[PDB]
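Visitor: these chains are from a complex, not moved at all, and more is on the way:
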Amino acid sequence: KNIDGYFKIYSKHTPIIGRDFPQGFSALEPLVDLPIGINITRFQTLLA
Amino acid sequence: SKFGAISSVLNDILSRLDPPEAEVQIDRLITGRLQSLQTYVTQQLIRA
Amino acid sequence: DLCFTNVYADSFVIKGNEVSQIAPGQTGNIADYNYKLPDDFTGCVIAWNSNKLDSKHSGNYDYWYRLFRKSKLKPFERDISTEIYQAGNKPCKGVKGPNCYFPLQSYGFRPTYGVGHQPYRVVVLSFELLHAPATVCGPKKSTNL
């Protein structure tokens, strides 16, 4: 998210059941809070 | 009752002045109206 | 004697009346197309006249300001762009002159203007007073707990 800049990244990694997007609850641990403060409108991801 | 503000119409105050200056007036309106509601509620409690 | 999580310093040169203009939530083309502060702003604005660095003989037209913008400016937004403002319905975008005006106009300064037209230099200090690990302090003593 990019509220007033300050880019935030959230992650919680677990070998969950592994079928797909699961049902059991899971909180999210922050990793980095970084104040970017730039314009942001589109999204894309990089592969291997 | 204007309660000591510019006007008794919240929507008029909003559409006429900027946020950070109409803020004092709308806060005055809140302090008046909520306190009046408090008197009403207390009197209703006594009657009840 | 305070601790702030992060400090942002924004700097720009603006005219004397615009010092009165620049404030949280005001009106005027600079306040709505050039720079806008949040309503709940927590910081300081610093203004001092600079007629020795922004003025020279024959004038100096280096600086700029925007007057033509499609909408209002969201707080802390770098809307830097050179797009002709549309007037009426003509898609212009090709030629200057009638109903095709530039979004920004020269901020020409000369050593001989009025006080309201002098080259004031403005920097604004923004602070974040929230419950978060700070980075900046002042005088300190580290008495044992």
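Guide: Done, it's in. Numbering: from 1, shown residues only, chains lettered A, B, ... in the order given.

Visitor: so the residue of chain B at minimum distance from chain C is in which element?
Guide: Residue nearest to chain C within chain B (CB to the nearest CB): residue B:20, separated by 3.9 Å. No exception for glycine: its C-beta is placed from N, CA and C like everyone else's. For residue B:20, the host element (DSSP states H and E) is helix B:19-47.

Visitor: list the buried residues for that helix?
Guide: Residues B:20, B:22, B:25, B:28, B:29, B:32 are the ones in helix B:19-47 that count as buried (16 or more other CB atoms under 10 Å in any protein chain shown).

Visitor: quick revisit: not counting sequence-adjacent ones, nearest residue to the residue of chain B closest to chain C?
Guide: Once flanking residues are discounted, residue B:20 sits nearest to residue C:25: 3.9 Å by CB to CB, 6 or more residues apart in numbering or on different chains.

Visitor: in the chain, which spans are strands?
Guide: Since you didn't name a chain, this refers to chain A. For chain A, the strands defined by DSSP state E occupy A:7-11, A:29-34.

Visitor: oops, chain C please
Guide: Here chain C has its strands, by DSSP E, at C:8-14, C:43-49, C:64-66, C:85-86, C:100-101, C:104-106, C:120-126.

Visitor: okay, these in a markdown table with mean neighbour count and distance to residue A:14 next?
Guide: Compiled in a markdown table, the strands of chain C are given as follows (neighbours: other CB atoms under 10 Å in any protein chain shown; distance: least, CB to CB, whole Å):
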| stretch | mean neighbour count | distance to residue A:14 |
| --- | --- | --- |
| strand C:8-14 | 14 | 37 |
| strand C:43-49 | 13 | 41 |
| strand C:64-66 | 18 | 50 |
| strand C:85-86 | 15 | 53 |
| strand C:100-101 | 16 | 58 |
| strand C:104-106 | 15 | 52 |
| strand C:120-126 | 17 | 39 |
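
Visitor: just send the ones you listed back as JSON lines, with distance to chain B too.
Guide: Shown next, in JSON lines, are the strands of chain C (distance: least, CB to the nearest CB, whole Å):
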{"stretch": "strand C:8-14", "distance to chain B": "19"}
{"stretch": "strand C:43-49", "distance to chain B": "14"}
{"stretch": "strand C:64-66", "distance to chain B": "20"}
{"stretch": "strand C:85-86", "distance to chain B": "24"}
{"stretch": "strand C:100-101", "distance to chain B": "26"}
{"stretch": "strand C:104-106", "distance to chain B": "24"}
{"stretch": "strand C:120-126", "distance to chain B": "16"}
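
Visitor: one more chain, chain D:
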Amino acid sequence: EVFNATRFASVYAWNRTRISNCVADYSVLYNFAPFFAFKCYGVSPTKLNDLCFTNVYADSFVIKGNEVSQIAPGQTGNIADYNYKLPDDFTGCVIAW
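Guide: Once chain D is put in with the chains from before, the structure reads:
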């Protein structure tokens, strides 16, 4: 009537027209003249149709090209000193076509 005139006065004797008791729609000026200088100082050129003005003066005078840039608040020149001088606290717009 101030834009469709045929004898716009000279700068030395600038006719000053008083405008009152009317709805100031600016599309009528927009469609009448292919402007070349629509610089506004006190108000926004986009924001003219949402403000109510106590009184409006329309001073019209034909002048040279560079004199268009000459005419502005806090300016100087043979016209800006002897023919017409714009006040520094000028709340209004100029139109040049």
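
Visitor: centre of the chain to the helix holding residue B:20, how far?
Guide: Taking CA atoms, centre = their mean, to the nearest Å, one finds the center of helix B:19-47 at 5 Å from the center of the full chain.

Visitor: likewise for stretch C:25-35?
Guide: Relative to its chain's centre, stretch C:25-35 lies at 9 Å (CA atoms, centre = their mean).

Visitor: for that stretch, buried residues please.
Guide: Residues of stretch C:25-35 classed as buried by neighbour count (16+ other CB under 10 Å): C:25, C:26, C:28, C:29, C:30, C:31, C:32, C:33, C:34, C:35.

Visitor: restrict those to contacts with chain D.
Guide: Among the buried residues of stretch C:25-35, the residues within reach of chain D (CB under 8 Å from any CB of the partner chain) are residue C:29.

Visitor: out of the buried residues of stretch C:25-35, flag the one nearest to chain D.
Guide: Nearest to chain D among the buried residues of stretch C:25-35, counting by CB to the nearest CB, is residue C:29 at 5.5 Å.

Visitor: the closest one reaches residue D:45, doesn't it?
Guide: No - using CB atoms under 8 Å, residue C:29 is not in contact with residue D:45, being 9.1 Å away.

Visitor: spit out the residues that contact the two alike.
Guide: Applying CB atoms under 8 Å, 6 or more residues apart in numbering or on different chains, one finds that residue C:29 and residue D:45 are jointly contacted by residue C:67.

Visitor: circling back to that earlier point, which helices and strands does the helix holding residue B:20 pack with?
Guide: Secondary-structure packing of helix B:19-47 (3 or more CB pairs under 8 Å, 6 or more residues apart in numbering or on different chains; DSSP states H and E): helix B:10-16.

Visitor: got the contact list for the residue of chain C found nearest chain B?
Guide: Closest to chain B within chain C is residue C:25: 3.9 Å, counting by CB to the nearest CB. With contact taken as CB under 8 Å, 6+ apart, residue C:25 is in contact with B:18, B:19, B:20, B:21, C:36, C:37, C:39.
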